[PDB]
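Taking it in order: structure first as C-alpha coordinates, then the write-up.
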Amino acid sequence: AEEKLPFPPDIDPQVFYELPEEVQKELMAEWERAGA
Amino acid sequence: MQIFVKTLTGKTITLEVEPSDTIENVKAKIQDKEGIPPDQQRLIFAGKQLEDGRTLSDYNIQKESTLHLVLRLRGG
(Lines give C-alpha, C1' and ligand atoms only; values in the text may rest on other atoms or scores of the structure.)
Protein backbone atom coordinates (compact mmCIF):
# COMPACT_ATOMS: atom_id res chain seq x y z
CA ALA A 1 0.00 0.00 0.00
CA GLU A 2 3.16 2.17 -0.25
CA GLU A 3 1.75 3.11 -3.70
CA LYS A 4 4.06 0.33 -4.94
CA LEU A 5 1.41 -0.60 -7.51
CA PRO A 6 1.72 0.40 -11.24
CA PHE A 7 0.72 4.02 -10.49
CA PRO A 8 0.60 6.69 -11.70
CA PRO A 9 0.59 5.73 -15.46
CA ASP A 10 -1.91 3.69 -17.53
CA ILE A 11 -4.60 3.81 -14.77
CA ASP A 12 -6.01 5.89 -11.90
CA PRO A 13 -7.87 4.55 -8.82
CA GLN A 14 -10.77 6.80 -9.84
CA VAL A 15 -11.22 5.27 -13.30
CA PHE A 16 -11.15 1.65 -12.06
CA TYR A 17 -12.45 1.94 -8.46
CA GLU A 18 -15.70 2.88 -10.31
CA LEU A 19 -16.62 -0.83 -9.99
CA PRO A 20 -17.59 -3.58 -7.53
CA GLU A 21 -14.54 -4.90 -5.68
CA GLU A 22 -15.00 -8.15 -7.66
CA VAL A 23 -13.03 -6.56 -10.54
CA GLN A 24 -11.08 -3.76 -8.83
CA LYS A 25 -9.65 -6.44 -6.53
CA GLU A 26 -8.71 -8.65 -9.47
CA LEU A 27 -6.93 -5.58 -10.86
CA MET A 28 -5.23 -5.23 -7.45
CA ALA A 29 -4.07 -8.87 -7.81
CA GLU A 30 -3.28 -8.66 -11.51
CA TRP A 31 -0.76 -5.90 -10.84
CA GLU A 32 0.86 -7.97 -8.12
CA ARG A 33 1.59 -10.63 -10.77
CA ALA A 34 2.26 -7.90 -13.37
CA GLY A 35 5.62 -7.29 -11.65
CA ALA A 36 4.57 -5.00 -8.76
CA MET B 1 -26.32 5.83 -32.46
CA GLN B 2 -23.02 5.21 -30.59
CA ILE B 3 -22.24 4.29 -26.95
CA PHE B 4 -19.72 6.07 -24.70
CA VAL B 5 -17.23 3.48 -23.42
CA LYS B 6 -15.13 5.23 -20.75
CA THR B 7 -11.61 3.79 -20.77
CA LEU B 8 -9.18 3.34 -17.84
CA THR B 9 -7.94 6.96 -18.32
CA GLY B 10 -11.24 8.91 -18.31
CA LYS B 11 -11.37 9.08 -22.12
CA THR B 12 -14.64 8.10 -23.82
CA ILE B 13 -14.60 5.91 -26.92
CA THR B 14 -17.68 6.45 -29.09
CA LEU B 15 -18.70 3.98 -31.80
CA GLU B 16 -21.86 2.98 -33.57
CA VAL B 17 -23.92 -0.05 -32.59
CA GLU B 18 -27.33 -1.69 -33.00
CA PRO B 19 -29.69 -3.95 -31.01
CA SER B 20 -28.56 -6.60 -33.52
CA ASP B 21 -24.88 -6.28 -32.65
CA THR B 22 -23.49 -8.29 -29.75
CA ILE B 23 -21.22 -7.73 -26.76
CA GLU B 24 -18.32 -9.05 -28.89
CA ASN B 25 -19.12 -6.49 -31.63
CA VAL B 26 -18.72 -3.63 -29.16
CA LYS B 27 -15.30 -5.07 -28.29
CA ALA B 28 -14.58 -5.35 -32.04
CA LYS B 29 -15.47 -1.66 -32.51
CA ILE B 30 -13.21 -0.84 -29.53
CA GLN B 31 -10.59 -2.93 -31.34
CA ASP B 32 -11.05 -0.41 -34.16
CA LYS B 33 -11.02 2.69 -31.96
CA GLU B 34 -8.11 1.60 -29.74
CA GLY B 35 -6.79 -1.67 -31.27
CA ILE B 36 -7.34 -3.40 -27.91
CA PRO B 37 -7.58 -7.21 -27.99
CA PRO B 38 -11.14 -8.46 -27.29
CA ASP B 39 -9.25 -11.20 -25.40
CA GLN B 40 -8.41 -8.56 -22.74
CA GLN B 41 -11.46 -6.32 -23.07
CA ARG B 42 -13.78 -6.47 -20.07
CA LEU B 43 -16.62 -4.16 -21.06
CA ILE B 44 -19.09 -3.33 -18.24
CA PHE B 45 -22.47 -1.59 -17.91
CA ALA B 46 -23.72 -0.58 -14.43
CA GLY B 47 -21.48 -3.43 -13.22
CA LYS B 48 -23.79 -6.08 -14.76
CA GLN B 49 -20.48 -7.46 -16.07
CA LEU B 50 -21.43 -8.15 -19.69
CA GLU B 51 -21.10 -11.46 -21.58
CA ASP B 52 -19.87 -12.23 -25.12
CA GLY B 53 -22.95 -13.80 -26.78
CA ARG B 54 -25.79 -11.28 -26.20
CA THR B 55 -27.19 -8.16 -27.88
CA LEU B 56 -27.55 -4.56 -26.72
CA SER B 57 -31.32 -5.05 -26.85
CA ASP B 58 -30.88 -7.97 -24.43
CA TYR B 59 -29.63 -5.41 -21.86
CA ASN B 60 -31.94 -2.51 -22.89
CA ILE B 61 -28.71 -0.65 -23.70
CA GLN B 62 -29.35 2.60 -25.59
CA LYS B 63 -27.23 4.57 -28.10
CA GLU B 64 -25.55 6.69 -25.43
CA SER B 65 -26.03 4.29 -22.50
CA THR B 66 -22.35 4.82 -21.54
CA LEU B 67 -20.15 1.91 -20.44
CA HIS B 68 -16.76 1.32 -18.82
CA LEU B 69 -13.67 -0.61 -19.80
CA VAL B 70 -11.29 -2.43 -17.45
CA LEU B 71 -8.83 -4.37 -19.62
CA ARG B 72 -6.90 -7.46 -18.53
CA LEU B 73 -3.09 -7.14 -18.18
CA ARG B 74 -2.45 -10.92 -18.26
CA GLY B 75 1.18 -10.78 -17.08
CA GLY B 76 3.09 -8.31 -19.31
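Just so we're on the same page: first chain in the C-alpha coordinates is A, next is B, and so on; residues restart at 1 for each chain, and ligands are numbered from 1 in the order they show up.
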
- Got a sec: who's within 10 Å of residue 18 of chain A, counting only C-alpha atoms, leaving out chain neighbours fewer than 3 positions off, as a VMD selection string? (chain A and resid 13 to 15 21 23 to 24) or (chain B and resid 8 46 to 47 68 70)

Output file for the residues above (N, CA and C atoms, as an mmCIF file, in the first residue's frame):
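And here is the file that came out, selection34.cif:
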```cif
data_model
loop_
_atom_site.group_PDB
_atom_site.id
_atom_site.type_symbol
_atom_site.label_atom_id
_atom_site.label_comp_id
_atom_site.auth_asym_id
_atom_site.auth_seq_id
_atom_site.Cartn_x
_atom_site.Cartn_y
_atom_site.Cartn_z
ATOM 1 N N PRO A 13 -6.960 5.222 -9.730
ATOM 2 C CA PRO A 13 -7.875 4.547 -8.821
ATOM 3 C C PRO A 13 -9.167 5.338 -8.631
ATOM 4 N N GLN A 14 -9.556 6.016 -9.699
ATOM 5 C CA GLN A 14 -10.775 6.798 -9.845
ATOM 6 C C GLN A 14 -11.365 6.555 -11.230
ATOM 7 N N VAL A 15 -10.744 5.652 -11.994
ATOM 8 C CA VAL A 15 -11.216 5.271 -13.303
ATOM 9 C C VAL A 15 -11.323 3.741 -13.337
ATOM 10 N N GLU A 21 -15.827 -4.376 -6.063
ATOM 11 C CA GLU A 21 -14.545 -4.898 -5.679
ATOM 12 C C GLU A 21 -14.155 -6.083 -6.549
ATOM 13 N N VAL A 23 -13.884 -6.776 -9.383
ATOM 14 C CA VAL A 23 -13.034 -6.563 -10.544
ATOM 15 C C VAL A 23 -11.966 -5.507 -10.261
ATOM 16 N N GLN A 24 -12.157 -4.646 -9.255
ATOM 17 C CA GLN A 24 -11.080 -3.758 -8.830
ATOM 18 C C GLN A 24 -10.002 -4.596 -8.148
ATOM 19 N N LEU B 8 -9.938 3.287 -19.090
ATOM 20 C CA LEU B 8 -9.176 3.341 -17.843
ATOM 21 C C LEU B 8 -8.379 4.641 -17.653
ATOM 22 N N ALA B 46 -23.129 -0.612 -15.768
ATOM 23 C CA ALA B 46 -23.718 -0.576 -14.435
ATOM 24 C C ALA B 46 -23.214 -1.729 -13.558
ATOM 25 N N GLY B 47 -22.088 -2.335 -13.946
ATOM 26 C CA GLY B 47 -21.482 -3.433 -13.217
ATOM 27 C C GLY B 47 -22.214 -4.755 -13.422
ATOM 28 N N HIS B 68 -18.113 1.188 -19.334
ATOM 29 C CA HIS B 68 -16.765 1.325 -18.824
ATOM 30 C C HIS B 68 -15.919 0.199 -19.378
ATOM 31 N N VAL B 70 -12.211 -2.056 -18.513
ATOM 32 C CA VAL B 70 -11.292 -2.434 -17.452
ATOM 33 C C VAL B 70 -10.489 -3.644 -17.930
#
```

- Within 10 Å of chain A: residues of chain B, using only C-alpha atoms, as a ChimeraX atom specification: /B:6-11,42,44-49,68-76

For the residues in that selection, give me N, CA and C atoms as a PDB file, in the first residue's frame.
```pdb
ATOM      1  N   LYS B   6     -16.175   4.527 -21.474  1.00  0.00           N
ATOM      2  CA  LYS B   6     -15.130   5.234 -20.750  1.00  0.00           C
ATOM      3  C   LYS B   6     -13.991   4.272 -20.442  1.00  0.00           C
ATOM      4  N   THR B   7     -12.802   4.606 -20.941  1.00  0.00           N
ATOM      5  CA  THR B   7     -11.613   3.788 -20.771  1.00  0.00           C
ATOM      6  C   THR B   7     -10.949   4.089 -19.428  1.00  0.00           C
ATOM      7  N   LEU B   8      -9.938   3.287 -19.090  1.00  0.00           N
ATOM      8  CA  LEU B   8      -9.176   3.341 -17.843  1.00  0.00           C
ATOM      9  C   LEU B   8      -8.379   4.641 -17.653  1.00  0.00           C
ATOM     10  N   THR B   9      -8.637   5.684 -18.451  1.00  0.00           N
ATOM     11  CA  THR B   9      -7.937   6.961 -18.318  1.00  0.00           C
ATOM     12  C   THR B   9      -8.907   8.145 -18.317  1.00  0.00           C
ATOM     13  N   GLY B  10     -10.216   7.876 -18.352  1.00  0.00           N
ATOM     14  CA  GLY B  10     -11.242   8.915 -18.310  1.00  0.00           C
ATOM     15  C   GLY B  10     -11.685   9.337 -19.709  1.00  0.00           C
ATOM     16  N   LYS B  11     -11.024   8.808 -20.740  1.00  0.00           N
ATOM     17  CA  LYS B  11     -11.367   9.080 -22.124  1.00  0.00           C
ATOM     18  C   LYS B  11     -12.615   8.277 -22.470  1.00  0.00           C
ATOM     19  N   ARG B  42     -12.918  -6.077 -21.162  1.00  0.00           N
ATOM     20  CA  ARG B  42     -13.780  -6.474 -20.065  1.00  0.00           C
ATOM     21  C   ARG B  42     -14.844  -5.401 -19.873  1.00  0.00           C
ATOM     22  N   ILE B  44     -18.128  -3.285 -19.339  1.00  0.00           N
ATOM     23  CA  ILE B  44     -19.090  -3.334 -18.244  1.00  0.00           C
ATOM     24  C   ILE B  44     -20.147  -2.249 -18.426  1.00  0.00           C
ATOM     25  N   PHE B  45     -21.339  -2.502 -17.877  1.00  0.00           N
ATOM     26  CA  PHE B  45     -22.468  -1.591 -17.910  1.00  0.00           C
ATOM     27  C   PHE B  45     -23.182  -1.682 -16.566  1.00  0.00           C
ATOM     28  N   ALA B  46     -23.129  -0.612 -15.768  1.00  0.00           N
ATOM     29  CA  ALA B  46     -23.718  -0.576 -14.435  1.00  0.00           C
ATOM     30  C   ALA B  46     -23.214  -1.729 -13.558  1.00  0.00           C
ATOM     31  N   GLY B  47     -22.088  -2.335 -13.946  1.00  0.00           N
ATOM     32  CA  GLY B  47     -21.482  -3.433 -13.217  1.00  0.00           C
ATOM     33  C   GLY B  47     -22.214  -4.755 -13.422  1.00  0.00           C
ATOM     34  N   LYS B  48     -23.077  -4.846 -14.444  1.00  0.00           N
ATOM     35  CA  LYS B  48     -23.790  -6.081 -14.761  1.00  0.00           C
ATOM     36  C   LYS B  48     -22.898  -7.051 -15.529  1.00  0.00           C
ATOM     37  N   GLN B  49     -21.594  -6.831 -15.374  1.00  0.00           N
ATOM     38  CA  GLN B  49     -20.480  -7.456 -16.070  1.00  0.00           C
ATOM     39  C   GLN B  49     -20.915  -8.289 -17.271  1.00  0.00           C
ATOM     40  N   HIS B  68     -18.113   1.188 -19.334  1.00  0.00           N
ATOM     41  CA  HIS B  68     -16.765   1.325 -18.824  1.00  0.00           C
ATOM     42  C   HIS B  68     -15.919   0.199 -19.378  1.00  0.00           C
ATOM     43  N   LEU B  69     -14.605   0.395 -19.334  1.00  0.00           N
ATOM     44  CA  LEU B  69     -13.675  -0.612 -19.797  1.00  0.00           C
ATOM     45  C   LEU B  69     -12.591  -0.798 -18.744  1.00  0.00           C
ATOM     46  N   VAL B  70     -12.211  -2.056 -18.513  1.00  0.00           N
ATOM     47  CA  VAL B  70     -11.292  -2.434 -17.452  1.00  0.00           C
ATOM     48  C   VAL B  70     -10.489  -3.644 -17.930  1.00  0.00           C
ATOM     49  N   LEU B  71      -9.619  -3.379 -18.910  1.00  0.00           N
ATOM     50  CA  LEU B  71      -8.827  -4.372 -19.620  1.00  0.00           C
ATOM     51  C   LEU B  71      -8.078  -5.326 -18.701  1.00  0.00           C
ATOM     52  N   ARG B  72      -7.746  -6.508 -19.231  1.00  0.00           N
ATOM     53  CA  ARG B  72      -6.902  -7.458 -18.531  1.00  0.00           C
ATOM     54  C   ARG B  72      -5.456  -7.071 -18.836  1.00  0.00           C
ATOM     55  N   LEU B  73      -4.505  -7.466 -17.990  1.00  0.00           N
ATOM     56  CA  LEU B  73      -3.094  -7.141 -18.183  1.00  0.00           C
ATOM     57  C   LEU B  73      -2.292  -8.424 -18.364  1.00  0.00           C
ATOM     58  N   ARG B  74      -2.929  -9.555 -18.050  1.00  0.00           N
ATOM     59  CA  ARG B  74      -2.449 -10.915 -18.263  1.00  0.00           C
ATOM     60  C   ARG B  74      -1.199 -11.260 -17.462  1.00  0.00           C
ATOM     61  N   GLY B  75      -0.089 -10.599 -17.776  1.00  0.00           N
ATOM     62  CA  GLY B  75       1.178 -10.780 -17.084  1.00  0.00           C
ATOM     63  C   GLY B  75       2.278  -9.838 -17.571  1.00  0.00           C
ATOM     64  N   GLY B  76       2.125  -9.249 -18.762  1.00  0.00           N
ATOM     65  CA  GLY B  76       3.094  -8.313 -19.312  1.00  0.00           C
ATOM     66  C   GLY B  76       2.661  -7.815 -20.683  1.00  0.00           C
TER      67      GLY B  76
END
```

- Message: Based on the backbone DSSP call, show me all residues of chain A assigned helix (DSSP H, G or I), as a PyMOL selection string.
- Response: chain A and resi 21-30

Output of the above residues as an mmCIF file, in the first residue's frame, restricted to N, CA, C and O atoms:
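Full text of out.cif as output:
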```cif
data_model
loop_
_atom_site.group_PDB
_atom_site.id
_atom_site.type_symbol
_atom_site.label_atom_id
_atom_site.label_comp_id
_atom_site.auth_asym_id
_atom_site.auth_seq_id
_atom_site.Cartn_x
_atom_site.Cartn_y
_atom_site.Cartn_z
ATOM 1 N N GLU A 21 -15.827 -4.376 -6.063
ATOM 2 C CA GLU A 21 -14.545 -4.898 -5.679
ATOM 3 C C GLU A 21 -14.155 -6.083 -6.549
ATOM 4 O O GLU A 21 -12.997 -6.227 -6.904
ATOM 5 N N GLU A 22 -15.128 -6.925 -6.890
ATOM 6 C CA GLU A 22 -14.998 -8.148 -7.656
ATOM 7 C C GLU A 22 -14.151 -8.001 -8.926
ATOM 8 O O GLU A 22 -13.732 -9.010 -9.493
ATOM 9 N N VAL A 23 -13.884 -6.776 -9.383
ATOM 10 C CA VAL A 23 -13.034 -6.563 -10.544
ATOM 11 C C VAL A 23 -11.966 -5.507 -10.261
ATOM 12 O O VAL A 23 -10.953 -5.472 -10.956
ATOM 13 N N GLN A 24 -12.157 -4.646 -9.255
ATOM 14 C CA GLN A 24 -11.080 -3.758 -8.830
ATOM 15 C C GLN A 24 -10.002 -4.596 -8.148
ATOM 16 O O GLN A 24 -8.809 -4.342 -8.297
ATOM 17 N N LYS A 25 -10.457 -5.596 -7.390
ATOM 18 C CA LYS A 25 -9.654 -6.441 -6.526
ATOM 19 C C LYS A 25 -8.855 -7.427 -7.371
ATOM 20 O O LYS A 25 -7.769 -7.861 -6.985
ATOM 21 N N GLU A 26 -9.399 -7.778 -8.536
ATOM 22 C CA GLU A 26 -8.708 -8.646 -9.468
ATOM 23 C C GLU A 26 -7.646 -7.820 -10.180
ATOM 24 O O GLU A 26 -6.604 -8.348 -10.561
ATOM 25 N N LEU A 27 -7.910 -6.523 -10.353
ATOM 26 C CA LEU A 27 -6.934 -5.580 -10.864
ATOM 27 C C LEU A 27 -5.813 -5.419 -9.834
ATOM 28 O O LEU A 27 -4.641 -5.367 -10.191
ATOM 29 N N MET A 28 -6.181 -5.350 -8.547
ATOM 30 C CA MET A 28 -5.228 -5.231 -7.451
ATOM 31 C C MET A 28 -4.424 -6.515 -7.255
ATOM 32 O O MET A 28 -3.438 -6.499 -6.522
ATOM 33 N N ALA A 29 -4.818 -7.620 -7.893
ATOM 34 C CA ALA A 29 -4.068 -8.867 -7.810
ATOM 35 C C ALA A 29 -3.346 -9.144 -9.125
ATOM 36 O O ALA A 29 -2.417 -9.950 -9.187
ATOM 37 N N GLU A 30 -3.780 -8.465 -10.186
ATOM 38 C CA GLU A 30 -3.281 -8.662 -11.513
ATOM 39 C C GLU A 30 -2.024 -7.819 -11.681
ATOM 40 O O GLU A 30 -1.202 -8.072 -12.558
#
```

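Here atom CA of residue 20 of chain B and atom CA of residue 5 of chain B stand 18.2 Å from one another.
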
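Summary of the local environment: counting only C-alpha atoms, residues at most 7 Å from residue 55 of chain B, other than itself and those fewer than 6 positions away along its chain, are residues 19, 20, 21, 22 and 23 of chain B.
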